[PDB]
Structure formats: structure tokens, C-alpha cells
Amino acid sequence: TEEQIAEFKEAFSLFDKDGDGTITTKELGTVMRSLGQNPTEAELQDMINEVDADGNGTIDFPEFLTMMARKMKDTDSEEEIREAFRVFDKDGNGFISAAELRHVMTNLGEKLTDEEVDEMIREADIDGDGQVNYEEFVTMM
């Protein structure tokens, strides 16, 4: 993960406009505006605060790094949950049905009856439409 780190250093350099090794609300502003966005000073301070740990008002690399790291983990986890969902969502329409769940499960070594998969679907069917969508899937696993 020694390379991840080099890429994070480069990402950070893009924010650190003058290269002192800290990111200010001013520099963040410049970056945001170069992206077509126009956050207020209040918004810039909020964005800085979400990463600025010791609260001295700016973001150093160790804080940036610590942030990017956590962010990537959740990014990867998120993708894996979605990959799992896709496997169960046989016809890929965005909803896991009892029939698909039964089918995929058996083809994965897990044999269940219609009654059992029904109970699993129900337990996760928050919006009550009869199948498990992605959001419900996440809330359940």
C-alpha cells in the first residue's frame, strides 16, 4: 500500500496550492471553483473541519491521508456489497426475489425451501413490495 500513498500525496498536492504541506479553506475554494463549484466560506470551513483533526484550522497530509484511507475502504466495501447483490439479483432488474434467491443459493451450495426464502425476503422487505432492493439488502447485511 506504499503506492496508494504516493497517489494520495499527489491528490493532496492538487489541493495544497503553494506546497507548504497544509490545506486552507482558501486553497480548497480555488480547487472547488476550478471544478465549476462555488462554495461559501462557511461551506469551505465545514469541508476543512470534516478532515482537520487537531482543529488548528487547516489540513495536513497525515490528516488528509487518514481520511483518504478510510474513504477508500468504504468505497471498496461498498462495491463488494453491490457485487454480492448482483449475484443474487439473477435477472438483474434491481430486486432480489424469493425465486432468484432460492435458485442462486442452491447454485451456491445452499438449499432452501420456498417457505424459508420467503421468510428471508420478508425480514428484509422494508418497503413491502415483495422483493429485496439494494437499499434493503444493505440494511440487512
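Just count from 1 along the sequence shown to find any residue number.
Enquirer: With reference to the PDB entry, specify whether the mean Cα temperature factor is higher for 71 to 79 or for 58 to 66.
Expert: For C-alpha atoms only, the mean B-factor is higher in 71 to 79.
Enquirer: Looking at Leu108, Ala84, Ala42, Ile48, which has the biggest Cα B factor in the entry?
Expert: Of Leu108, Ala84, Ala42, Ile48, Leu108 has the highest C-alpha B-factor.
Enquirer: Would the CA B-factor of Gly130 place it in the lowest, middle or highest third of its chain?
Expert: Middle third by C-alpha B-factor.
Enquirer: Within this chain, which third does the Cα B-factor at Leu112 fall in: lowest, middle or highest?
Expert: Tercile = middle for this residue's CA B-factor.
Enquirer: According to the PDB entry, is the CA B factor of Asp52 in the bottom, middle or top third of its chain, that is, lowest, middle or highest?
Expert: Middle third - that is where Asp52 ends up once the chain's C-alpha B-factors are sorted.
Enquirer: Among the chain's modelled residues, which third holds the C-alpha B-factor of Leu28?
Expert: CA B-factor rank for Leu28: lowest third.
Enquirer: Would you mind checking where the Cα B-factor of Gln37 ranks among the modelled residues of its chain, as the lowest, middle or highest third?
Expert: Within its chain, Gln37 is a highest-third residue by C-alpha B-factor, going by the deposited values.
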